[PDB]
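> quick one: initial chain(s) of a complex, as found there:
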Amino acid sequence: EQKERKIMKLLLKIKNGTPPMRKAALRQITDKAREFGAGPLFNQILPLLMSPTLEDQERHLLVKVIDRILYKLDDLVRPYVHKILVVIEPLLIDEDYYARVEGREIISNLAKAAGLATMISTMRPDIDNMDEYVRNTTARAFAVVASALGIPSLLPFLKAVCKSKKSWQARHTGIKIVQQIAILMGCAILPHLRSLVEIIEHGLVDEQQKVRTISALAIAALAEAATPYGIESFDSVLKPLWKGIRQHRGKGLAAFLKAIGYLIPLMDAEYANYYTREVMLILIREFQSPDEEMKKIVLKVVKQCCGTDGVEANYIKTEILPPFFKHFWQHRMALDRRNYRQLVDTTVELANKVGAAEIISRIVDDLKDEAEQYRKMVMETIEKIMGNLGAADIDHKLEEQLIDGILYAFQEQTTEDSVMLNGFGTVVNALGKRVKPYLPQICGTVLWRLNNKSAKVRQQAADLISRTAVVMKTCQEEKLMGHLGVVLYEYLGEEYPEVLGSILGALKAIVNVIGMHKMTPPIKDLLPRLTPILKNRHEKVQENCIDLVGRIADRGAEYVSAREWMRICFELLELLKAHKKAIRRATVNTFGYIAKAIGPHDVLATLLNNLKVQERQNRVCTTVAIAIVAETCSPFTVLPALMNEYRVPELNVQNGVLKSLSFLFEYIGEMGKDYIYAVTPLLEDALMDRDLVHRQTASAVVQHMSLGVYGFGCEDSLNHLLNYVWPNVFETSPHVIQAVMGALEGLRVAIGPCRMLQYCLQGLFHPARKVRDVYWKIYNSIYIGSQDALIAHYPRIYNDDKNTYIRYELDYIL
Amino acid sequence: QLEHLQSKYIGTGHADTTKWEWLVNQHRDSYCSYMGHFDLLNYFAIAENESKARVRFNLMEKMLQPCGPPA
Amino acid sequence: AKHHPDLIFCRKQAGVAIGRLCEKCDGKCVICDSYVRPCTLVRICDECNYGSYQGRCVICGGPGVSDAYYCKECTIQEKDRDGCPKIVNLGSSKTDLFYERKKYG
Amino acid sequence: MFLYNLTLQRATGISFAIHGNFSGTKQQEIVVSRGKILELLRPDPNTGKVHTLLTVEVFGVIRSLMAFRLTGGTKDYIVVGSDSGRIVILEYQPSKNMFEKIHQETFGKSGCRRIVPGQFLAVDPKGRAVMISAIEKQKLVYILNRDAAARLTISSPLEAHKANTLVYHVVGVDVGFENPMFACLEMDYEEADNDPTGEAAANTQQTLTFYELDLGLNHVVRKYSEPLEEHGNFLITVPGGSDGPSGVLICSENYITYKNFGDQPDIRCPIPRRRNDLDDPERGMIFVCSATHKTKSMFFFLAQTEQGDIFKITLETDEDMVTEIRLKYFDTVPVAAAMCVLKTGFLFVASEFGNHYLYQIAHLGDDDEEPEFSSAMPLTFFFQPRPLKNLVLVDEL
Amino acid sequence: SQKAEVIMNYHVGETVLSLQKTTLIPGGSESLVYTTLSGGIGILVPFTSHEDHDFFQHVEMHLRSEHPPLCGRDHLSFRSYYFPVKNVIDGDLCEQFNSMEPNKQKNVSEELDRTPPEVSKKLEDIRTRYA
């Protein structure tokens, strides 16, 4: 029919087309969703979704339009719950995290919109299906619809599903639902902990291995969810776990070990020790296992047992390490990645308790291994250990071995790894001033790496010197640092920008760490060489160069002449085009940095001349620069030039100067009480009903100034601006109404709530509706903040025949 | 929709708020303000020859339903 | 973030946890995205601090390298005594950008 | 046109008075609270004089004041609830002679409001938790513990909100090494603002609910709800555990009621009236404040009426239940806001208007000539006021 | 028709039931003595110069942030309890400098480019002159 053809055309518009067409189609379908109807629309959208050859883009658009139309139909989607679910369920098992989360959100929305009984009856026949994929999807759906509407709304159904006797599929599905609820909920199942523990406890002694394993996994999930509290709920579950530890073997043993490891931290010190002893009695013999997943499980169990505060250190050092360092430190362990990370974390936390020296002394000899992956693993191990424990316990016999190992590791590398430089920096920083006798070796090594092999490790060497400049300075060394600086100086002109950025960062770090007047190359010889670098289009080089320029301008300014600053300014005006926020902020800051040294006469003229870009990005940066230079200099030397530029008939210039005034008033803060009289006529002229943008900017200026001048008692001029701000409330554009609301809330604290209440009490009960809505919104905004202050400003209302509206308690006279 | 401060807070009105609701809300707020401060309570207990406990008890009773019955 | 109207704050009883900020947004205010005069410390509820959500950034959600702060204007207006500033909405802009980035490469 | 504020005399209006071992020594001290000035003073048993040792301004209205100590501790930490939207814990350093802030938690907006907690403050007598509540809809509970560094800590607040509820008083129930309990006089008004006929205002009794803090479950749940036949004003904590039965005392007009959860029946005892009273018989009688002397051998209570009569409430109990409530006329003093019964027979009377008195307890009134009163007597009682002859005046402020 | 302006606003925090401008001690200037309903007696004193007023304002500004109140209540917000403060300097906050930590007192002194012995004398001089 005609409706079907219209839905076809709009669906084609949504599927393929330009973004404006797609958004127009979306807005019109949201506007007319109720009129279109649900039956044909769903019968029309479902076949496209069920097609297996659907691309992800149109699938996402269809899901979005379904979300947009779902909340409009509050109760008209009840018969369609089954037909939408049978198409939407498979989206929760995909590996796409965003797809999974939006599927969970849409199923939660559908559960909230629909009814409990209808969807429960819909998913009753899904429990006994023989396919395991559909059972898993049904378990996920039950978990999300239990997160929606609350757990107690589904609690009675759990007893029915878990007490089924005809088959174990229902019990397994119920346990899976429980574990998924525990996983997806988080810490919100704490009030309903016992109600789940009692219902799940009976499954630990069943004759089926699947139900026992799934019950153990769900108990582990519950213990994970209730990490710091809940031992009283699990006190009745411990004994079956210990009974099943010895009897079970294989996957069930892994599940039981995971569960018991999760429950160990919840106990007290004495109980934790008493039970971890028995855990260790089997753990020692269980470290020998062929499967990698069992190795990961036992590593997690060891980690959790070591994390308990009830286990004392002597038992750890007497039992756990001698087999740990002999079984878990091999090449095959470093071959994998999950075992990689798990072993790294376990070793780090073990070192956090037994002692860094014992851990480190047996693995420093591992740095000489030929394998690159094993060297990486051990290097991360010491790096993480020294990141937390420092290097206050390491001894000289160990320090020299560590230095030899790290130097050997850095000398030869198969590829470029940042882990080597990160670890080297961490060890050097942790050692502190005791690495002094090894500085020449480090300097020679970094020079040798920087001097050859064609710009592959030169950037890493620059990073290393940037990291170690501080330690070389603290070790009372300046001459070789200056040699390195000058070497980087003749090594500044590279074609590759990637290494150029690193070298510039190294030079910046050298400038930061050492004095500017003691630098081996004179400061006057850098800026002429550095200016052509500003024209490069790469991001990192621009960042490093602008940071170095700002540092030089802030610190070294008496040396630099006032001739090249103009060229630097004309280059920074172009550099403001950069996309990244950091570069723009640095340029804006260095504008004020250089205008502090140089009189703000030529700087202001250059900035004011570039306010007609027609590109919004440049004008905002220019006006922020104007504000920051005005703040840095004396405000009375920069105001008249700004005001004289307002007379230009270009609206962009007026918007820019108004924004500059707003930012300047925000920056100065309490200093605005002296210049408030100057900008009053300009704000009065701007607040007139001529354009929306000008009124919005004037409202922002008023808000910022009122917030700044609070606490001084200058309401004589502030009250005059309220008479012009108030008529601008009746507007429909979101931006202007937001600005007006912000201005009113800023003025509320500056003028007092009495004037605002008097203004609001004019048409609070006006016969119209929109004005009443606006006045009530303003009254609520005033009422939320400083509610107690409204007691003394309430008007007197005379009582009627039936009610008493007079507060007689305040009429008492002494 | 950043209006969460208005809906969650108690006492905020809207278009369909009657005069009686606003009056009773402001009366309850005034009673709470009287109870909170100490010098206002002293003034109330000096103006009429009573005790602080008696004044507090009377203010508790007056908070059940002021401004008479609703219409 | 005032720029995006569709973002929704958690708005719950703040606990004793400390908010975190990544390197991308270091000195920004959690409410008005200002850059001047940090005043107080940001606290978040225990729901926003659990497992994988511990140490994450407040606005975007990157790794935490610095603490979050309130500016002076927010403190004067007493906007800090509202709740945790953690944003619970994923945001339609980020997922959409990821979606037309993935297909193009 | 610029002024400067100078202060010559400080406020002398006592609002809240507490006692405890704040310095940590073996001498009791009193921390009195003015409208906005916090003051510390201690009596001298030798010369019988009171001298101020500390006076600091807090710049705000102190709406509540309580003292407590940790399990097995020897020092008392002061909890102050003010008009601001935060709760602070203070400790007194004898060497520094200044107040040091220990903790600071913010839970809402500042200023005296309706749904902002701070008006009512109750603490667990054991010292494992504290409770703060507002006039309506908002209650908060903070759990306190100590780490291995012997420093006091605090956890996240626990929500105990209840819409459409007018709280009259909040007091902590003493239990023996069990979950903390709090008793409050809740009162609903949702139905009173719906029916315009007017009968909803009347026949609206207030209940007495109990709140349980589940340490293992980390949440608060309502246990019971017991409606009352009449209107009460405040509650008194009867010591429990090994010293006396656990329960609360409810003070109302012309009556006092003991109530406990479980199988304990209610006990009702009338308040004695003055002989040949010239007052209007329509006027009622209520209590203004109460004290407690937890002596190791046997404990009693002290209460004051509107006319300033001091009574001595004694509870006679069985192995688990309580039999009767005994009242005894003690003395007559000017009407006060709060009493502090110190050790070694020191009674502090902080009058609401006028000078402050310090009384020395010389006799306990054992085997007095005048008879006593009890709830077992069927059917109203009368007594004859007489000079003190039981307390001796020592110091006047 | 002809409205009147307000040149002073403050919030003592206590109900005032008396106001009188008179001389307290012989050989001294006039002052505005007010008594409250709680038992406190206070006076309002005008400044003698502008440098002293600026110094007092700077001391108050420094102590507002550097020395927060005991109960964590904003001093400026407390004094602006109903109406914003106008041309009044709080002496109670300024006179708390004596109980401050010695290192913090030093830091404040070299922030003000003065010495604590001179600051104490300056603080006590205004009290001695008018009382």
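Nice, I can see it. Residues are numbered from 1 along each chain as shown, chains lettered A, B, ... in the order given.
> close to chain A, is the longest helix along chain E?
Taking DSSP state H as the criterion, chain E has its longest helix at helix E:50-66. No. Helix E:50-66 lies apart from chain A when judged by CB under 8 Å from any CB of the partner chain; the minimum separation is 8.7 Å. Bear in mind the C-beta positions are built from the backbone N, C-alpha and C, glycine included.
> next SSE after that helix?
Later in the chain than helix E:50-66, the nearest helix or strand by DSSP states H and E is helix E:75-79.
> The next helix or strand after that following helix near chain A anywhere?
Using DSSP H and E, the helix or strand that directly follows helix E:75-79 along the chain is strand E:88-90. No. Judged by CB under 8 Å from any CB, strand E:88-90 and chain A are separated, with a smallest distance of 8.8 Å.
> And chain D, is whichever helix or strand comes after strand E:88-90 touching that?
Using DSSP H and E, the helix or strand that follows strand E:88-90 in sequence is helix E:91-94. Yes. Helix E:91-94 comes into contact with chain D (CB under 8 Å from any CB), by way of E:91, E:92, E:93.
> does helix E:91-94 come close to chain A?
No. Judged by CB under 8 Å from any CB, helix E:91-94 stays clear of chain A, getting no closer than 13.5 Å.
> From the contact counts, what lies against that helix?
Where contact means 3 or more CB pairs under 8 Å, 6 or more residues apart in numbering or on different chains; DSSP states H and E, helix E:91-94 is packed against strand D:3-9, helix E:50-66.
> and that helix, which residues are buried?
By 16 or more other CB atoms under 10 Å in any protein chain shown, the buried positions in helix E:91-94 come out as E:91, E:93, E:94.
> just stretch A:579-592 next, same as before
Buried-residue list, stretch A:579-592, by 16+ other CB under 10 Å: A:582, A:583, A:584, A:585, A:586, A:587, A:588, A:589, A:590, A:591, A:592.
> again, but for stretch C:35-49
Buried residues in stretch C:35-49 (16+ other CB under 10 Å): C:37, C:38, C:42, C:43, C:44, C:45, C:46, C:47, C:48, C:49.
> Break down chain C into its helices, ranges please.
Per DSSP H, chain C carries helices over the ranges C:72-77, C:92-102.
> following sequence is RNA strand F, add it:
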RNA sequence: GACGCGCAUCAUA
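Okay, RNA strand F now, added to the rest:
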């Protein structure tokens, strides 16, 4: 309502 164009706002990334 449909097919288009121009200008302008959010220190938007």
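> Revisit the buried residues of stretch C:35-49 given that RNA strand F is now included?
C:37, C:38, C:42, C:43, C:44, C:45, C:46, C:47, C:48, C:49.
> of all those residues, which comes closest to residue A:558?
Among these, residue C:37 lies closest to residue A:558 (CB to CB), at 30.5 Å.
> Enumerate the residues of chain D near chain A.
So chain D meets chain A at D:109, D:111, D:112, D:113, D:114, D:215, D:216, D:217, D:218, D:219 (CB under 8 Å from any CB).
> hmm, back to that, I'd like to know which elements the longest helix of chain E is packed against.
strand E:88-90, helix E:91-94, helix E:102-111, helix E:116-130.
> and it, how far from the chain's centre?
For helix E:50-66, the separation from the chain centroid amounts to 10 Å (computed by CA atoms, centre = their mean, to the nearest Å).
> So which residues make contact with it?
Applying CB atoms under 8 Å, 6 or more residues apart in numbering or on different chains, the set of residues contacting helix E:50-66 from outside is D:2, D:4, E:47, E:75-76, E:89-90, E:93-94, E:96-97, E:104, E:108, E:111-112, E:119, E:122, E:126.
> now do 10 Å
With CB atoms under 10 Å, 6 or more residues apart in numbering or on different chains as the test, helix E:50-66 has contacts from A:670, A:711-712, C:39, D:2, D:4, E:46-47, E:49, E:74-76, E:87, E:89-91, E:93-97, E:100, E:104, E:107-108, E:111-112, E:114, E:119, E:122-123, E:125-126.
> how big is the angle separating it from strand D:3-9?
Here helix E:50-66 runs at an angle of 70 degrees relative to strand D:3-9 (axes from the mean of the first three to the mean of the last three CA atoms, to 10 degrees).
> Count the residues that sit near residue 23.
All of this refers to chain A. When neighbours are defined as other CB atoms under 10 Å in any protein chain shown, residue A:23 has 12 of them.
> let's do chain C instead
12.
> For it, give me its contacts.
With contact taken as CB under 10 Å, 6+ apart, residue C:23 is in contact with A:582, C:57, C:62, C:63, C:64, C:65, C:66.
> just to revisit the earlier point, so which of the residues of chain D next to chain A reach chain E?
residue D:111 (CB under 10 Å from any CB of the partner chain).
> now, which of the residues of chain D next to chain A sits nearest chain C?
Nearest to chain C among the residues of chain D next to chain A, counting by CB to the nearest CB, is residue D:109 at 5.4 Å.
> Let's add RNA strand G too:
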RNA sequence: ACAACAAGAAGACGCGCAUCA
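RNA strand G goes in next, on the same frame as the chains above:
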């Protein structure tokens, strides 16, 4: 297994004008 990331470029808005039914 519940598990967050890489720069072919995008998110919310508004004010005006041409044509057609």
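> same question on the contacts of residue C:23, but now with RNA strand G added
A:582, C:57, C:62, C:63, C:64, C:65, C:66.
> Look up how far residue D:330 lies from it.
Between residue C:23 and residue D:330 the distance is 72 Å, computed by CB to CB, to the nearest Å.
> now for the contacts of residue C:23, which pair is the farthest apart?
Greatest spatial distance in those: A:582 and C:64, 18.6 Å, computed using CB to CB.
> correct me, but residue D:175 touches residue D:181?
Yes. At 5.5 Å, residue D:175 counts as touching residue D:181 under the criterion of CB atoms under 10 Å.
> For these two, work out which one has more neighbours and name it.
Applying other CB under 10 Å to residue D:175 and residue D:181 shows that residue D:181 carries more neighbours, namely 20 against 16.
> Look up phi and psi at the residue nearest to the more buried one when sequence neighbours are not counted.
With sequence-adjacent residues excluded and distances taken as CB to CB, 6 or more residues apart in numbering or on different chains, residue D:181 is closest to residue D:173, at 3.8 Å. For residue D:173, the backbone dihedrals (degrees, to the nearest 10) come out as phi -90, psi 130.
> Next one: residue D:173 from chain B, what distance?
Applying CB to the nearest CB, to the nearest Å, the value for residue D:173 to chain B is 22 Å.
> who's in contact with that residue?
With CB under 10 Å, 6+ apart, residue D:173 has these contacts: D:122, D:124-125, D:180-183, D:210-212, D:235, D:237-238, D:240, D:246-248, D:260-261.
> do residue A:636 as well
Contacts for residue A:636 were tallied using CB under 10 Å, 6+ apart; they are A:630, A:674, A:675, A:678.
> Got a ChimeraX select line for the buried ones in these?
In ChimeraX, a selection of the buried entries from these looks like this (16+ other CB under 10 Å):
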select /A:630,675
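> Kindly present the contacts of residue A:636 as CSV, with separate columns for secondary structure and distance to residue C:93.
Putting the contacts of residue A:636 into CSV (DSSP: H, G, I helix; E, B strand; the rest coil; distance: CB to CB, whole Å) gives the following:
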residue, secondary structure, distance to residue C:93
A:630, helix, 34
A:674, coil, 43
A:675, coil, 39
A:678, helix, 41
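> Which two of the contacts of residue A:636 have the greatest separation?
A:630 and A:674 (13.9 Å).
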